[PDB]
Amino acid sequence: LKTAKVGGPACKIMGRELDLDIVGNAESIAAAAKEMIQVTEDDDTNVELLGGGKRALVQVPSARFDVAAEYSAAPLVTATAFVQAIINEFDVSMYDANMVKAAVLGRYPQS
Amino acid sequence: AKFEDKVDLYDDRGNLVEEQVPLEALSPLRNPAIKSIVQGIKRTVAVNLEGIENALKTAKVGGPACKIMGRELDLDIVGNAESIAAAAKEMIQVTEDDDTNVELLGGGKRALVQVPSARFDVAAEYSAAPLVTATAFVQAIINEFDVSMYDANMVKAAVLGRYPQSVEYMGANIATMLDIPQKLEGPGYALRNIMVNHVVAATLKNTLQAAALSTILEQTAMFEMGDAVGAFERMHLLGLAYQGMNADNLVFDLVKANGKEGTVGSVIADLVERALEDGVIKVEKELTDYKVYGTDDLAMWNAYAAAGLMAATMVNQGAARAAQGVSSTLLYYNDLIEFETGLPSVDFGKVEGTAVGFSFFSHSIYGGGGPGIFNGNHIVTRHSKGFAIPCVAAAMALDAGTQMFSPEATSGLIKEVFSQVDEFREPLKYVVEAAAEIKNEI
Amino acid sequence: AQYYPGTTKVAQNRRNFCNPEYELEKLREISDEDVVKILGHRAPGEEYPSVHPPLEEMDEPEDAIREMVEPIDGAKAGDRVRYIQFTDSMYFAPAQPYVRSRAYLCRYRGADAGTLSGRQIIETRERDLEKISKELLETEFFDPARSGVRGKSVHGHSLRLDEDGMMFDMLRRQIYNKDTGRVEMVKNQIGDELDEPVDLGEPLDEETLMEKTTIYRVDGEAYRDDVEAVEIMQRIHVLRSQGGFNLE
Amino acid sequence: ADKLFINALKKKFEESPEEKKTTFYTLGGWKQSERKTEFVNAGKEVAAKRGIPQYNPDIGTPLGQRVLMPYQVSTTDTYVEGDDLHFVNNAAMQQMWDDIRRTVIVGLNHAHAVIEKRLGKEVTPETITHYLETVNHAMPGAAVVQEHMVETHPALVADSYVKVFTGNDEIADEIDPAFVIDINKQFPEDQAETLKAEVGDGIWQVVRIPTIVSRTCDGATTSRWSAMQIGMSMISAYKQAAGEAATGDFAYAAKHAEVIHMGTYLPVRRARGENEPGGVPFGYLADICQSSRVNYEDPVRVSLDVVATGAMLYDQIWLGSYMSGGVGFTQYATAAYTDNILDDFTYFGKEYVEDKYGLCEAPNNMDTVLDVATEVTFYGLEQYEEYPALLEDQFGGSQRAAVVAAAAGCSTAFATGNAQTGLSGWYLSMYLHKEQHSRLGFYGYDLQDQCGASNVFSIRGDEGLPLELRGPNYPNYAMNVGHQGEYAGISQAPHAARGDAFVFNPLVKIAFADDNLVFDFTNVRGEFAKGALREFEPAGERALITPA
Amino acid sequence: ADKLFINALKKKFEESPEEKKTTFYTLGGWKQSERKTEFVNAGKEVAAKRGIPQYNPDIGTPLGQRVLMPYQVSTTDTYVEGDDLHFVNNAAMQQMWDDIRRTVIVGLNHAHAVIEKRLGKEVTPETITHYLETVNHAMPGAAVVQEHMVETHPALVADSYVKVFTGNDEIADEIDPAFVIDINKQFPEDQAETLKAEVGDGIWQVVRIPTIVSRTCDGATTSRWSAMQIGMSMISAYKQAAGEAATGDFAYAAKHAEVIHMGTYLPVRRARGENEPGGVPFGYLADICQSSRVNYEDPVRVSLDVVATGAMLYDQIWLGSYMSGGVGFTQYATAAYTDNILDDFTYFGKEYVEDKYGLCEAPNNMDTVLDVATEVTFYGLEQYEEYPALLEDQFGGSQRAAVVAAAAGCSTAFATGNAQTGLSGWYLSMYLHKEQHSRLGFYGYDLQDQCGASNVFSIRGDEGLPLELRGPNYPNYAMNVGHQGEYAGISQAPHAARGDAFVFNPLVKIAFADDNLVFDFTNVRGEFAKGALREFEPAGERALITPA
Ligand code: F43
Ligand SMILES: C[C@@H](OP(=O)(O)O)[C@H](NC(=O)CCCCCCS)C(=O)O
Ligand SMILES: [Cl-]
Ligand SMILES: [Cl-]
Ligand SMILES: [K+]
Ligand SMILES: [Mg+2]
Ligand SMILES: [Mg+2]
Ligand SMILES: [Mg+2]
Ligand SMILES: [Mg+2]
Ligand SMILES: [Mg+2]
Ligand SMILES: [Mg+2]
Ligand SMILES: [Mg+2]
Ligand SMILES: [Mg+2]
Ligand SMILES: [Mg+2]
Ligand SMILES: [Mg+2]
Ligand SMILES: [Mg+2]
Ligand SMILES: [Mg+2]
Ligand SMILES: [Mg+2]
Ligand SMILES: [Mg+2]
Ligand code: NA
Ligand code: NA
Ligand code: NA
């Protein structure tokens with residue numbers, strides 16, 4: 001986000017930079033994401049910060065897969081929960097939020 | 001609990017079943033009948049024993065018009081179907097009293113197979129259903145007739161086709177409602193790649209049941225895709241309830257009031273009246289002889305509008321008893337309602353956009369086809385997030401015979417096998433009953 | 001119902017076309033036989049072909065939706081689905097493409113309407129199509145100079161008029177008669193010659209075209225000057241935009 | 001001054017552009033046209049030679065009941081019948097695609113690390129030069145290690161070669177300059193400094209495989225062919241064992257870890273490998289076009305050269321052939337690069353923005369979108385109303401929708417400096433246009449249009465993406481003419497207004513700054529005109545190996 | 001009599017073929033070769049013209065320390081250096097692939113039902129002829145309905161057309177014969193009766209889109225282009241509404257329900273659409289080759305014409321370019337179609353079988369596999385031992401493995417009448433060869449070889465398949481030279497011995513029985529020779545639209 005380097009190797013969109021203190025607010029972001037990822041309170045959802053907030057371990061609740069055809073709910077539910085949690089943490093505008101989406105999930109669905 | 005909304009649930013005759021059910025009792029994530037339906041569709045396979053036998057006898061294997069002269073094998077498969085199916089079942093099951101089902105149909109010409117749910121619990125996806133079923137029947141046929149090492153590869157070709165030279169099971173004599181994982185337009189799309197004709201076939205052209213099955217599959221995919229996570233979840237649940245489950249009898253009552261003489265426009269007028277009476281919308285501003293409507297609940301407005309969209313399809317394509325105009329209804333219901341109200345149409349323009357391309361690709365040279373060959377994974381009709389395809393299912397259910405590529409043409413094997421399954425055939429019944437059962441656990 | 005915002009003659013005409021309680025002005029008389037000839041799907045006196053048996057002859061299972069929705073007469077009979085298609089000049093034809101599709105799904109049952117820039121189509125059961133087509137041809141939906149019945153080779157909506165005030169037609173289906181000041185349809189909508197032409201009446205004069213038109217133009221009523229109509233379009237854009245982002 | 005399309009309208013018709021009436025049916029049908037006449041005669045000859053009927057003007061309906069128009073290629077003085085702008089009939093258009101399809105960018109950063117760390121040998125400008133002489137022998141299809149190899153004819157593959165670039169000037173200047181894309185030579189000073197800072201000390205190859213191969217095969221061939229000959233050249237130039245474990249690191253690096261494809265592969269319904277048009281994102285298409293480095297003082301010219309590039313590739317070759325075929329989609333595309341019409345509308349919008357806000361100084365919000373896109377949309381539509389000849393020229397509603405909305409969207413992005421609000425303006429233009437004229441495009445034109453407003457700022461999985469990252473495989477965009485090339489223009493617009501050296505990938509920008517290409521990417525519309533006139537010389541022909 | 005390869009060995013070397021010793025290093029390197037000399041001179045001109053070094057004989061190791069050999073194209077008297085058999089340098093080879101890539105087979109059975117059932121109109125030989133006149137105008141890219149269409153130049157697209165065939169003699173004989181592939185004329189009586197019985201009253205179009213388009217685009221274009229112009233021609237010829245609901249039924253039928261692609265699409269790692277070489281199953285390749293209908297009294301000739309077809313397509317163009325590139329794999333393939341070597345070995349095996357069992361009369365079992373495949377393998381290997389010139393000719397172990405095993409496998413299938421036991425014999429040949437000479441092929445040659453025996457008769461998901469249905473995407477086969485074309489030959493072998501009209505798809509067989517093709521599929525090896533000599537005239541060139 002800070003560099004607007006999104007969408008794959010060597011890609012960059014000049015003018016789209018957003019400077020958000022994500023790692024410094026990792027606890028709040030992770031908790032907000034967890035509330036979206038879980039099905040019910042105290043189910044088998046895990047969202048654990050690692051490396052001083054630089055990384056998160058996410059285990060999407062098993063119940064989502066019991067009513068899914070396959071396994072893509074894990075990255076897709078996780079991605080949108082963190083995109084939404086970041087937008088909401090910093091009140092990212094309608095105009096800029098698509099950069100958060102690109103920073104999390106990349107060039108999909110063009111790729 | 002997460003949402004305060006409650007809905008009244010009805011049967012396909014418009015009779016109340018249960019009042020004031022919490023919305024999340026209808027969630028794919030909570031409702032045990034939706035789970036059962038989805039796991040059922042992952043695990044169920046139609047086996048055409050007659051088709052396998054005929055492919056072998058003629059050596060017509062590997063796809064359309066293909067044949068290998070000299071490879072013919074004449075095996076009495078249908079005459080020994082009971083033994084073959086029992087042998088296949090022993091290989092397909094995990095344990096002897098699990099939820100494996102293998103049931104002969106049509107005098108042994110067809111088999112219904114439901115691969116045990118436990119295989120999917122330790123699988124990444126759903127391909128174990130055709131692959132386990134295929135090899136169990138290949139092996140059972142070889143063993144029944146002591147087919148030699150030299151010939152057995154023809155049995156494999158007759159069952160599963162040109163795979164793996166082809167990516168698909170090209171020429172296979174088994175069928176599933178799902179299609180292979182490689183054909184997904186995006187991750188999470190598998191429950192969308194289910195032909196409309198297959199849904200109509202499974203539900204025996206019962207209009208409300210077809211709409212319900214299609215909505216359940218579409219909106220369950222929206223959870224797998226992550227679209228119904230967070231901000232959007234309530235919108236998707238309300239859409240499932242009001243457009244596909246006839247919540248509050250709104251679809252049913254709009255059809256009743258407009259069925260005799262009504263049009264898309266008359267349905268719109270009634271829906272706007274009902275939204276206003278129920279407090280979903282309110283006049284925000286007066287222009288010159290024109291009221292601008294607003295809403296404090298966009299997700300509920302969207303759901304009301306979606307119910308009206310379904311009713312408009314039922315009224316318009318029901319009156320023609322011809323499905324083709326569903327592309328038009330999906331377009332102009334939404335176009336009209338925006339200029340009637342000043343509010344956004346269903347799925348914020350995405351149904352209207354889907355309908356523009358669907359109209360084009362069902363009346364042009366470039367691709368597509370008739371309504372029944374579309375699905376939520378089709379490039380033409382993937383764009384609305386669950387609010388378009390169920391109307392196409394309803395319209396095809398109402399078609400009296402105007403389509404070349406009808407469910408009778410595309411989905412006969414699916415029909416025979418999948419309509420046997422009560423929860424596939426009458427899903428509205430089972431999902432409503434399950435919602436009522438868990439209503440106080442939400 | 002409201003149908004359409006705006007305070008211009010154009011806006012009022014758009015509402016009138018949509019409003020099934022608005023009586024369309026009848027401008028010309030056309031015989032049943034001549035409507036059939038113009039459509040070109042069957043010969044006068046030919047029985048309606050069928051695409052499936054009459055609904056009565058079918059043995060359909062219980063379906064509350066079917067029971068509540070009355071089939072149109074041609075659906076009961078099993079008629080083929082057939083079409084009528086019109087092209088409307090941008091030089092002030094009374095009807096225009098989205099005006100038609102919007103109006104058709106307010107006024108007509110069992111309708112498959114499609115809009116394109118150069119052509120607009122309705123498909124429905126054949127006998128019902130014939131009844132609707134009479135209205136589409138006899139009333140102010142149609143002007144025989146600035147509108148055309150065309151199932152193919154539709155070019156002309158955007159072309160300059162000819163010296164008689166007639167829209168271009170590659171296939172010349174409608175011919176202006178200087179001696180009568182009337183237009184004759186000399187071919188059916190797909191372009192096959194009629195044994196006997198059909199009188200379509202006089203073209204509307206300029207004053208009347210301006211009274212009746214549903215296109216906005218700088219040399220008529222400009223859309224940008226119908227500020228309430230523009231306001232609603234802009235509102236829909238903004239509300240769709242916000243909704244797709246966060247449902248606010 | 002006159003509106004920019006007036007000269008073209010006067011060329012096409014005998015009437016003045018404002019005249020409302022004409023006469024039809026008197027031109028002799030196809031006989032009015034030099035080109036149709038050529039085609040009639042050619043069809044007779046073809047049918048006589050092969051014994052099967054072919055082109056016949058009496059099949060179907062009779063073309064030319066109206067004037068069959070010439071088109072001015074915008075920014076040129078060339079007027080041609082539209083058939084000369086069909087990609088089949090235009091060797092410049094074909095070569096433009098071949099030059100993209102046959103290119104990949106391949107890093108040397110992992111390879112040089114393999115050399116220094118795993119092989120324990122030094123890399124210098126001298127060793128890089130030796131490697132480049134080697135790979136320029138090998139890449140076109142010639143041998144460097146084995147005995148009894150048989151090779152490609154050098155003259156059939158003369159268009160294949162390898163160059164390099166790097167942001168380190170002193171390193172670039174030490175490599176033999178025959179092999180170097182010189183960033184300081186090709187780009188104006190401020191753009192050069194941006195691009196060099198992006199690349200830094202990285203060293204990248206631009207590999208072009210032979211046109212004749214690309215035509216025989218497909219786009220997914222390019223990175224493989226590239227990697228084989230890089231691999232052989234690493235073996236030869238750095239005196240390696242000819243096939244040891246380290247050989248696989250060079251392969252993985254050249255095929256996967258440091259390759260940039262022009263296009264990504266497509267899903268099964270439209271199955272294609274890499275380096276096909278549908279995989280090329282809009283920001284890459286804008287960066288391939290080289291107008292940005294020549295015409296930088298004129299952001300309209302830069303943006304509309306990108307529109308031309310994309311309208312041709314995406315509508316004529318991609319949608320009109322790969323995804324359909326036949327007569328195809330020439331004029332759906334030509335509307336965006338002929339008669340100076342889009343140019344007139346877009347200069348109007350740029351001047352409106354300059355005067356009211358200043359370029360890139362408007363608030364990046366919906367108020368600006370509503371203001372600019374509405375104003376420009378009404379201007380464009382007014383021109384069709386004021387000039388009946390203009391409306392008869394751009395006779396298809398889709399053509400008009402694309403042109404008007406491209407001007408509106410580019411103008412909105414000129415104001416905000418942001419492509420996403422530009423995109424919102426494109427959709428607003430469509431909605432206004434539809435209400436003004438009670439029509440828009442062909443039956444299926446506004447699928448993406450109606451999904452459009454809601455998906456501009458969405459963040460959901462298969463909905464949300466900055467415009468620069470979108471492309472022909474963005475779901476809503478996957479089917480329909482009259483959008484994709486215009487979106488590439490909108491992607492370019494804010495970057496041209498900002499003076500940015502690139503839109504989405506600096507490596508892609510540098511990789512086409514190369515006069516050894518067959519097509520001249522600095523002047524796409526001039527090249528289309530040259531091809532129309534049958535004056536373009538493509539690569540890939542088989543004349544040397546066939547009878548005289 | 002002399003072994004069939006003796007003439008070729010005598011042409012290559014001054015020594016008699018039996019001689020064990022020679023002298024090297026005295027030929028002047030590349031200077032011994034007319035072709036290398038041409039290449040050196042061309043490289044100097046290219047480098048000077050473009051300002052970048054290119055072909056240079058001093059780069060890497062010095063070719064031609066041994067004799068750089070001529071090759072006899074088998075069944076011809078044409079001797080050429082191997083560079084003239086590189087697909088890049090051989091227009092016949094390129095056109096062979098274009099003619100397959102640009103072909104689709106498209107039924108009329110749904111289309112005619114839509115006409116009769118949904119529209120309620122009649123279909124007769126007269127209306128079909130009118131439709132065929134229409135579609136032969138439209139298919140190359142010309143208009144039939146709209147005004148102001150711009151079109152392809154008929155002379156650029158002269159190779160595009162539509163024919164039909166049907167098993168109904170009465171219909172076939174009344175349709176205008178310009179448009180009909182006449183099964184009774186093209187096939188001997190027995191084969192014609194088989195084919196007509198397979199097709200029955202079905203009517204099928206053979207659609208060939210323009211070479212120039214296929215080269216610009218890809219294989220997945222073909223069925224789309226076909227369907228667009230079929231759809232326009234249905235509208236025009238049967239006087240339909242130009243875009244109503246029924247139009248979509250013609251589209252779905254032509255694009256999906258009644259189309260036969262030459263190749264199916266590929267998985268992502270090797271992503272490609274339809275009508276690419278990897279999707280063409282071995283049985284289709286055998287059926288495309290038309291040797292079966294000309295040389296039917298000689299099953300060896302038929303089988304080895306199929307091997308030539310497939311070795312070139314699959315090893316040179318597919319594996320050697322689509323899947324790799326560079327100098328590529330000319331001689332991995334030429335081993336199977338030059339110097340009459342495979343011919344010698346395979347005639348030996350056919351005689352062995354004929355004498356011992358009778359063709360097709362051996363038990364279809366492992367005893368027959370062990371007998372025949374062993375005997376033929378030992379014959380082939382003995383020839384390399386007895387003729388040092390032969391071993392120096394087919395210098396790469398892979399080449400020898402492929403040739404010996406092809407003879408062994410074809411011979412086994414000649415005995416059993418079944419391709420699967422033929423395939424088992426191929427793998428046994430490899431195992432024996434490996435033990436005899438303590439070598440087999442290149443580093444990765446016997447991946448499929450070692451999986452081979454176990455997967456011949458497997459029935460598991462991605463293992464079990466009759467050989468005719470296998471192809472380049474069968475998992476074990478997806479990577480390596482020296483197998484795929486030979487498998488196509490083994491697929492042909494039992495069918496040739498049985499006298500069968502086709503191997504896997506009768507529609508594909510009939511679809512290439514057409515002298516309006518550019519390449520002559522009845523004489524594949526003759527055509528490769530003609531291309532090598534620079535005497536073949538391809539389609540798709542652009543000379544007409546480029547300067548003099
Ligand atoms: C048969 C269809 C339905 C369909 O699926 N495709 C068609 C026809 C197809 C054919 C026409 C070729 C021919 O005449 O043989 C081709 C060229 C595609 C092909 N198969 O190569 C095409 N359209 Ni169409 N098509 C076009 C257009 C259009 C415009 C033309 C309106 C007008 O007033 O003339 C309208 C849609 C609309 O009303 O907006 C249109 C309709 C239609 N389009 C109607 C025929 C209309 C008629 O009967 O006259 N196209 C255009 O608006 C401009 C570009 C133009 C395309 C050729 C090019 O780009 O050069 C062509 C693109
Ligand atoms: C829809 C889809 O066709 P099918 O429904 O899969 O036959 C798709 N064609 C297209 O999107 C055609 C796009 C180009 C022609 C229309 C341009 S407006 C394709 O061939 O994959
Ligand atoms: Cl909500
Ligand atoms: Cl060297
Ligand atoms: K190609
Ligand atoms: Mg059980
Ligand atoms: Mg046994
Ligand atoms: Mg009032
Ligand atoms: Mg009357
Ligand atoms: Mg000026
Ligand atoms: Mg003039
Ligand atoms: Mg003739
Ligand atoms: Mg130079
Ligand atoms: Mg990767
Ligand atoms: Mg130059
Ligand atoms: Mg000699
Ligand atoms: Mg003749
Ligand atoms: Mg299929
Ligand atoms: Mg010949
Ligand atoms: Na004709
Ligand atoms: Na014509
Ligand atoms: Na050398």
# chains A, B, ... in the order shown; residues from 1 in each chain; ligands from 1
>>> interface_residues(of="chain A", to="chain D", cutoff="10 Å", atoms="only C-alpha atoms", output="number ranges by chain")
A: 4-16, 76-77, 79-80, 83-84, 87, 93-103, 105-111
>>> closest_atom_pairs(of="chain D", to="chain C", cutoff="7 Å", atoms="only C-alpha atoms", output="tab-separated table")
residue	atom	partner	partner_atom	distance
D:20	CA	C:160	CA	5.5
D:21	CA	C:161	CA	5.0
D:22	CA	C:162	CA	5.0
D:23	CA	C:162	CA	5.1
D:24	CA	C:162	CA	6.9
D:65	CA	C:170	CA	5.8
D:382	CA	C:218	CA	6.6
D:385	CA	C:217	CA	6.4
D:388	CA	C:160	CA	6.2
D:391	CA	C:158	CA	5.7
D:392	CA	C:159	CA	4.6
D:395	CA	C:158	CA	5.4
D:396	CA	C:117	CA	6.9
D:397	CA	C:117	CA	5.2
D:428	CA	C:237	CA	6.4
D:431	CA	C:233	CA	6.9
D:432	CA	C:233	CA	6.8
D:436	CA	C:216	CA	5.5
D:437	CA	C:215	CA	5.3
D:438	CA	C:98	CA	5.1
D:439	CA	C:117	CA	5.0
D:440	CA	C:117	CA	5.7
D:441	CA	C:117	CA	5.4
D:442	CA	C:116	CA	4.9
D:443	CA	C:116	CA	4.8
D:453	CA	C:241	CA	4.9
D:454	CA	C:244	CA	4.2
D:455	CA	C:244	CA	6.0
D:457	CA	C:245	CA	5.5
D:458	CA	C:245	CA	4.4
D:459	CA	C:245	CA	6.6
>>> interface_residues(of="chain E", to="chain D", cutoff="6 Å", atoms="only C-alpha atoms", output="ChimeraX atom specification")
/E:39,42-43,52,54-55,60-61,63,82-83,136-137,141-142,144-145,147,150-151,153-155,178,215-216,221,224-225,229,236,271-273,322,324-327,534-537,545-547
>>> write_last_selection(atoms="C-alpha atoms", output="PDB file, in the first residue's frame")
ATOM      1  CA  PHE E  39      23.392 -19.146 -42.993  1.00  0.00           C
ATOM      2  CA  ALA E  42      22.739 -14.327 -44.102  1.00  0.00           C
ATOM      3  CA  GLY E  43      23.778 -13.743 -40.521  1.00  0.00           C
ATOM      4  CA  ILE E  52      22.724  -6.277 -33.606  1.00  0.00           C
ATOM      5  CA  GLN E  54      23.107 -12.496 -34.931  1.00  0.00           C
ATOM      6  CA  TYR E  55      24.159 -15.825 -36.491  1.00  0.00           C
ATOM      7  CA  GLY E  60      30.366 -21.678 -29.106  1.00  0.00           C
ATOM      8  CA  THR E  61      31.680 -24.935 -30.556  1.00  0.00           C
ATOM      9  CA  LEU E  63      29.969 -27.444 -36.114  1.00  0.00           C
ATOM     10  CA  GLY E  82      18.642 -31.549 -42.074  1.00  0.00           C
ATOM     11  CA  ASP E  83      18.237 -27.780 -41.751  1.00  0.00           C
ATOM     12  CA  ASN E 136     -18.676 -19.828 -48.947  1.00  0.00           C
ATOM     13  CA  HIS E 137     -19.081 -16.087 -49.473  1.00  0.00           C
ATOM     14  CA  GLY E 141     -14.876 -12.826 -43.897  1.00  0.00           C
ATOM     15  CA  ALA E 142     -17.528 -11.205 -46.084  1.00  0.00           C
ATOM     16  CA  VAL E 144     -24.510 -10.905 -46.021  1.00  0.00           C
ATOM     17  CA  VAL E 145     -26.933  -8.741 -43.954  1.00  0.00           C
ATOM     18  CA  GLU E 147     -25.160  -2.168 -44.544  1.00  0.00           C
ATOM     19  CA  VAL E 150     -16.014  -3.827 -44.362  1.00  0.00           C
ATOM     20  CA  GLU E 151     -14.564  -7.168 -45.394  1.00  0.00           C
ATOM     21  CA  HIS E 153      -9.629  -9.217 -49.114  1.00  0.00           C
ATOM     22  CA  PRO E 154     -10.770 -12.364 -50.967  1.00  0.00           C
ATOM     23  CA  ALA E 155      -7.271 -13.120 -52.278  1.00  0.00           C
ATOM     24  CA  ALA E 178     -18.238 -28.045 -55.695  1.00  0.00           C
ATOM     25  CA  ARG E 215      -1.421 -17.538 -37.869  1.00  0.00           C
ATOM     26  CA  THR E 216      -2.427 -14.153 -36.465  1.00  0.00           C
ATOM     27  CA  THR E 221     -10.252 -19.183 -32.862  1.00  0.00           C
ATOM     28  CA  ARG E 224     -15.676 -19.528 -33.033  1.00  0.00           C
ATOM     29  CA  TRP E 225     -14.915 -18.100 -36.481  1.00  0.00           C
ATOM     30  CA  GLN E 229     -20.227 -17.279 -40.287  1.00  0.00           C
ATOM     31  CA  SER E 236     -29.272 -15.055 -44.826  1.00  0.00           C
ATOM     32  CA  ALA E 271      -2.364 -23.806 -20.986  1.00  0.00           C
ATOM     33  CA  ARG E 272      -3.732 -23.772 -24.521  1.00  0.00           C
ATOM     34  CA  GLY E 273      -7.159 -23.661 -26.067  1.00  0.00           C
ATOM     35  CA  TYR E 322       5.160 -24.730 -28.357  1.00  0.00           C
ATOM     36  CA  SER E 324      10.343 -25.487 -25.708  1.00  0.00           C
ATOM     37  CA  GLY E 325      11.832 -23.696 -28.730  1.00  0.00           C
ATOM     38  CA  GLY E 326      15.211 -22.706 -30.091  1.00  0.00           C
ATOM     39  CA  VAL E 327      17.136 -24.962 -32.402  1.00  0.00           C
ATOM     40  CA  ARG E 534      11.590 -24.700 -51.194  1.00  0.00           C
ATOM     41  CA  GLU E 535       8.969 -25.777 -53.765  1.00  0.00           C
ATOM     42  CA  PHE E 536       5.847 -25.756 -51.559  1.00  0.00           C
ATOM     43  CA  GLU E 537       3.387 -22.864 -51.841  1.00  0.00           C
ATOM     44  CA  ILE E 545      -0.741  -5.967 -48.922  1.00  0.00           C
ATOM     45  CA  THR E 546       2.959  -5.046 -48.618  1.00  0.00           C
ATOM     46  CA  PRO E 547       5.307  -3.076 -50.889  1.00  0.00           C
TER      47      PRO E 547
END
>>> atom_distance(atom1="CA of residue 183 in chain E", atom2="CA of residue 76 in chain E")
28.3 Å
>>> residues_near_ligand(ligand="ligand 7", cutoff="9 Å", atoms="only C-alpha atoms and all ligand atoms", output="list in words")
residues 142, 143, 145, 146, 147, 148 and 149 of chain B
>>> interface_residues(of="chain B", to="chain E", cutoff="6 Å", atoms="only C-alpha atoms", output="list in words")
residues 66, 67, 68, 149, 153, 156, 162, 164, 165, 362, 363, 364, 365, 367 and 369 of chain B
>>> write_last_selection(atoms="C-alpha atoms", output="PDB file, in the first residue's frame")
ATOM      1  CA  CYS B  66     -15.618 -41.765 -31.963  1.00  0.00           C
ATOM      2  CA  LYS B  67     -15.289 -45.507 -32.438  1.00  0.00           C
ATOM      3  CA  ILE B  68     -12.480 -48.060 -32.346  1.00  0.00           C
ATOM      4  CA  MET B 149      -6.217 -57.508 -18.952  1.00  0.00           C
ATOM      5  CA  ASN B 153      -9.173 -50.573 -20.797  1.00  0.00           C
ATOM      6  CA  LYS B 156     -12.571 -47.731 -18.456  1.00  0.00           C
ATOM      7  CA  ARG B 162     -11.227 -39.737 -23.004  1.00  0.00           C
ATOM      8  CA  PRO B 164      -6.981 -37.966 -19.002  1.00  0.00           C
ATOM      9  CA  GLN B 165      -6.105 -37.026 -22.597  1.00  0.00           C
ATOM     10  CA  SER B 362     -29.680 -15.782 -26.042  1.00  0.00           C
ATOM     11  CA  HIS B 363     -30.735 -13.963 -29.230  1.00  0.00           C
ATOM     12  CA  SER B 364     -27.473 -13.612 -31.219  1.00  0.00           C
ATOM     13  CA  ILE B 365     -24.872 -15.435 -33.257  1.00  0.00           C
ATOM     14  CA  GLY B 367     -22.476 -17.645 -28.107  1.00  0.00           C
ATOM     15  CA  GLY B 369     -27.933 -20.452 -26.190  1.00  0.00           C
TER      16      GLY B 369
END
>>> interface_residues(of="chain B", to="chain A", cutoff="9 Å", atoms="only C-alpha atoms", output="JSON, numbers by chain")
{"B": [28, 29, 30, 34, 35, 36, 37, 38, 39, 41, 42, 120, 121, 123, 124, 125, 126, 181, 186, 187, 188, 189, 190, 191, 220, 221, 223, 224, 225, 226, 227, 228, 229, 230, 231]}
>>> closest_residue(among="B:20, B:31, B:295, B:209", to="residue 438 in chain B", atoms="only C-alpha atoms")
B:31
>>> atom_distance(atom1="CA of residue 9 in chain E", atom2="CA of residue 316 in chain E")
23.7 Å
>>> residues_around(residues="residue 302 in chain E", least_positions_apart="4", cutoff="8 Å", atoms="only C-alpha atoms", output="number ranges by chain")
E: 291-292, 295-296, 298, 306, 492-493, 496
>>> decode(residues="range 428-432 of chain B", atoms="C-alpha atoms", output="CSV table (one decimal), in the first residue's frame")
chain,number,residue,atom,x,y,z
B,428,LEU,CA,-38.0,-25.6,0.0
B,429,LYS,CA,-39.7,-28.1,2.2
B,430,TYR,CA,-36.6,-29.4,3.9
B,431,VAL,CA,-34.8,-26.1,4.3
B,432,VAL,CA,-37.9,-24.5,5.9
